[PDB]
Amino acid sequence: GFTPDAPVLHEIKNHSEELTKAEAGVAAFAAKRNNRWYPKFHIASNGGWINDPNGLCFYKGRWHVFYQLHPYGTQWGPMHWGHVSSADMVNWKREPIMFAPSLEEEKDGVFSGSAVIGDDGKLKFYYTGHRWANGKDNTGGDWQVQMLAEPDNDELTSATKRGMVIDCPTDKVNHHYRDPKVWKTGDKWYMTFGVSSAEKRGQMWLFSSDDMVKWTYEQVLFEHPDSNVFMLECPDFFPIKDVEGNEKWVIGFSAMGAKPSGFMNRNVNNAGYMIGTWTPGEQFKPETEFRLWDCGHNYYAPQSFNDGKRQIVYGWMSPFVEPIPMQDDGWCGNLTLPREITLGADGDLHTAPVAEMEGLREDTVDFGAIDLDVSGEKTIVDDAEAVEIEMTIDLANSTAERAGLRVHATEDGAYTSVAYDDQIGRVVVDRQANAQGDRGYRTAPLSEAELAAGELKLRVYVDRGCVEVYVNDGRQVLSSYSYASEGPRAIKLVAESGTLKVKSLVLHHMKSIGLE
């Protein structure tokens, strides 16, 4: 039906020529870039817009990160895959752009996808080919199919497109049909991607293969129970051992259309996961409610991959809300740090940074224990461009109603706050005092156990244009853009409306990952 016996190749452009055009676009932007917010230790394009992480793998001794790339502007546009790699996850290098639209079935965009090591030890790429359904523009909705490509070399500098391996039964779906992941379970290969059903419900479809090339429709692996959710972008699906040592499955997706409620689903679209069980032949059986990967302002389209031992996840720091002032600066968007996924005794995922992120530290400045015996502030450093702050708050002996750090604390009185808030029992990233961007605040919940524990650990990464806040060794994370003003950028320890006892505060200067 819609699963060809062999890959369908409809070459319409010279791939090498379209790649060369794309290199010029990103290089032109890079040369005129304003570095005020450009990351020192996060992955961005050298120029232009990025979104979703793609093709994540550890392959032939190297860490690979690809990403949705618009080479020709700082807003979303004709989609390419950019590429960076590393031997150690600390020191990165720019690779040639990997994919530009060159086949009929992808002529309006090379959309998101994944990479997986086959039975022969060779990598395969699976990605979506995008067409405008009306053949013109977005007014008529999307026309999307799944594509295969194979690397030309172990370095993944280039790939040969094989063409379309799964077509779209256009009249059985609501346009959205994208973002494949391929994995092996037992003696079968499986593929999942996101679909808007004919009834406009968000679904993940499942296909199987003996050879990773010819696919068979199996069933709908999962449908989102919220009728407001019409699409599941960037689906994820992987096994992980629970505390009992039983095998669970994590389903993840970037959900479109859920309405906000209290603190929950506040971003325009929201990415999250459920933990449950899966037997091949059956649908996913959730055992949890939907939970956000990241509770911050700017996080979407996460993808995970396995390095042989660890399941590792990157998110795109998504700016969905105007104004987006970095779009004036010749780049837009970066990825988060890579996070190791663990499943704790608390029955939830933890996403601490991978151990390699300690290699970002140039130094360790130990400020020791700090007591604010009255409401007030203490400057930790007058200027911080790119730092990691580790701090332990003594909840039991602090009366402050709100306590933590002000980062990007500039001479104009602007700052971003990272605080424990005793009135809501949450960690809060508050951008109210940002001089630019859409401001607002984001909260991460603390369990009854965490609130009763009498200490709270924060690990805060401050880059030129963003913050990443790891709570209690990655039980929760908040990633937000932070639009620092001109001049020195202080870090202050602040106690509002009472006392603060900090058991430990330690600063590390962050090195460049070599991509700027």
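All residue numbers refer to positions in the sequence shown, first residue = 1.
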*May I ask you to compare 416-424 and 379-387 by their mean CA B factor in the entry and name the higher one?*
379-387
_Of 504-512 and 6-14, the stretch whose C-alpha atoms average the higher B-factor in the entry_ = 6-14
_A31, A44, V477, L69, ranked by C-alpha B-factor: the highest one_ = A31
*Looking at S304, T336, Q219, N267, which has the highest Cα B-factor in the entry?*
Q219
_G440 - which third its CA temperature factor falls in, relative to the rest of the chain_ = lowest
*Comparing against every modelled residue in the chain, figure out the third that the C-alpha B-factor of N138 lands in (lowest, middle or highest).*
highest
*In terms of the chain's CA B-factor thirds, is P151 lowest, middle or highest?*
middle
*Where the record places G109 (Cα B-factor, split into thirds across the chain)*: middle
*Name the third of the chain's ranked CA B-factors that contains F125, choosing lowest, middle or highest.*
middle
